[PDB]
Ligand SMILES: COc1ccc(C(=N)N)cc1
Ligand SMILES: [Ca+2]
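Residue numbers (the authors' numbering): 24 to 246.
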């Protein structure tokens, strides 16, 4: 997260860290046994870390639970990042409390102008590299499809939306991948891609979760 703020410990209780020996992606807890992330975060040997603030220090609210199964969206295209969404089933259900809690799936797609909360442990610099140990937050609006398409000609599908600031300075970044965009207490987006980080006229692009709710619900019901 570039140009964000320190969320505060366990203020974003649905945020997960995907760990393969190190943090490599975020995710969202959507019920006690399932995490939603980006398909570009796929790998084998994932440990889901819930209840994190400082990902380098055991602070006492963590749950570390191995993945039993990963399901990449059947139509994920790694070239275009269309359908950049993946489900991860936990080996055992998380213990839900005020600091580890699921986020609701949307019943409706959020409109342009809606203010959302983006969070993650990704890079905090637009030039060079500085990875924070504590969770960062950014409030950002959803941009119009026309501003999103104008920023990324020929690259925005109906399964993507832009959020952030055309002026730059404030964006998600590498390491925020797979993390949540929460609007009005519902998961509306997944950190997917962008051209650099926090660049002028190059907002963040997010998987449009509201297009995937039937796939998510049907998948969870049968797995
Ligand atoms: C490789 O991951 C990302 C994720 C987000 C962004 C961005 N929001 N600019 C860029 C690269
Ligand atoms: Ca920790």
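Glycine residues also receive a C-beta, built at the ideal position from the N, C-alpha and C atoms.
- Straight through space, the alpha carbons of residue 54 and residue 244 are spaced by roughly 12 angstroms.
- In the DSSP assignment, the residues bridged to residue 143 are 159.
- Excluding residues up to 5 positions away in sequence, 61, 62, 63, 99, 213, 215, 230 lie with their Cβ nearer than 7 angstroms to the Cβ of residue 107 in the same chain.
- Residue pairing from DSSP leaves residue 47 without any beta-bridge partner.
- Counting other Cβ atoms within 10 Å of its Cβ, residue 193 reaches 16 or more and is therefore classed as buried.
- The way I'd put it, the segment 134-144 does touch the segment 155-174; three or more beta-carbon pairs between them come closer than 8 angstroms.
- In terms of CA proximity to residue 66, 44 leads the group 44, 150, 164, 185.
- Burial check for residue 130: the Cβ neighbour count within 10 Å stays below 16, so the residue is exposed.
- Around the beta carbon of residue 87, fewer than 16 other beta carbons sit within 10 angstroms, so the residue counts as exposed.
- The set of residues whose C-beta lies within less than 6 angstroms of a heavy atom of ligand 1 reads, in chain order, 194, 195, 196, 197, 199, 200, 214, 216, 217, 220, 227.
- Closest in alpha carbon position to residue 28, among 155, 126, 171, 151, is 155.
- When rounded, the separation of the alpha-carbon atoms in residue 89 and residue 181 is 33 angstroms.
- Taking a contact as a CB-CB distance under 8 angstroms, the pair residue 68 and residue 85 does not count as one, their CB atoms being some 18 angstroms apart.
- Between residue 41 and residue 48, the C-beta gap is smaller than 7 angstroms, which places the two residues in contact.
- Residue 123 places its beta carbon 7 angstroms or farther from that of residue 203.
- Around the beta carbon of residue 38, 16 or more other beta carbons lie within 10 angstroms, which makes this residue buried.
- Here residue 237 carries a helix assignment [DSSP, helix/strand/coil].
- When secondary structure is reduced to three states using DSSP, residue 81 falls in the coil class, being assigned neither helix nor strand.
- With respect to residue 137, residue 165 sits close: the two C-beta atoms are nearer than 7 angstroms.
- For residue 152, the closest of 95, 183, 220, 50 by C-alpha to C-alpha distance is 220.
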